[PDB]
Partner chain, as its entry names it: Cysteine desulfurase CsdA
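What follows is one chain in structure tokens, specifically the form solved without its partner chain.
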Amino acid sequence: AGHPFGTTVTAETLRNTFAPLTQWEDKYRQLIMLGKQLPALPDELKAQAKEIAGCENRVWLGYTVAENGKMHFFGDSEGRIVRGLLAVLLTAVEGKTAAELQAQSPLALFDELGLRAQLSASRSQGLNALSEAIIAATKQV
């Protein structure tokens, strides 16, 4: 269930890493490299994840809550770009209480990385679906 995002990889290392990349294709590649750091979710735990759907790809997204209220998220995806975008989202949300996550948008980091400006429109529906799954999970907790 475990992954590096939030712990060994953070919003500020993503920011420092993406900031130099001015060619958008370099952002794209960084996005893909980032998603290769996401470990494979075994079919076992894809079943305990809610299936979220964009316009081209599926993502799986689960969560647990420690007793101190912190939420651990986990997920997987088949497309490499979508694995990158999911890694960015996990970096944004991992380790936060339900209270802390209803404070800003889950997708603010995608803007901060310069990623939204050039992604296809179709991505926005999957991103927005991810955002509302997070919002919904904080509602359940």
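Residue numbers count along the first chain shown, from 1. The term rigid core refers to the maximal set of C-alpha atoms that superpose within 1.5 Å between the two forms.
Heads up, the form deposited with its partner chain bound isn't pictured, but that's what we're talking about next.
Engineer: Only one of 64-72, 92-100, 48-56, 107-115 gets a heavy atom within 4.5 Å of its partner chain in the deposited complex; which is it?
Structural biologist: One stretch meets the cut-off, namely 48-56.
Engineer: Is there any non-hydrogen atom of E12 lying within 4.5 Å of its partner chain in the deposited complex?
Structural biologist: Taking the distances in the deposited complex, the answer for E12 is no, it never comes within 4.5 Å of its partner chain.
Engineer: Is it the case that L41, even though its partner is missing from this view, gets within 4.5 Å of its partner chain in the deposited complex, heavy atoms only?
Structural biologist: Because no heavy atom of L41 falls inside 4.5 Å of its partner chain in the deposited complex, the answer is no.
Engineer: Against its partner chain in the deposited complex, would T17 count as a contact residue? Criterion: heavy atoms within 4.5 Å.
Structural biologist: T17: no contact with its partner chain in the deposited complex.
Engineer: With heavy atoms only and a cut-off of 4.5 Å, decide whether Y28 touches its partner chain in the deposited complex.
Structural biologist: Judged by the heavy-atom cut-off of 4.5 Å, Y28 is in contact with its partner chain in the deposited complex.
Engineer: Identify which of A98, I52, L90, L41 has its C-alpha displaced by 2 Å or more between this form and the one not shown once the rigid core is superposed.
Structural biologist: Result of the superposition: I52 is the only one at 2 Å or more.
Engineer: My question is whether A129 is one of the residues whose C-alpha shifts by 2 Å or more between this form and the one not shown, given a fit on the rigid core.
Structural biologist: Yes; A129 is a residue whose C-alpha shifts (by 2 Å or more) between this form and the one not shown when the cores are overlaid.
Engineer: Does the C-alpha of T10 move 2 Å or more between this form and the one not shown once the rigid core is lined up?
Structural biologist: No; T10 is a residue whose C-alpha shifts by less than 2 Å between this form and the one not shown when the cores are overlaid.
Engineer: Would one find the Cα atoms of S122 and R29 closer or farther in the deposited complex than in this form, where their distance changes by 3 Å or more?
Structural biologist: Compared with the shown chain, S122-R29 is closer in the deposited complex.
Engineer: Given that the shift is 3 Å or more, do the Cα atoms of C55 and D26 end up closer or farther apart in the deposited complex than in this form?
Structural biologist: It is farther: in the deposited complex, the C-alpha atoms of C55 and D26 lie at least 3 Å more apart than they do here.
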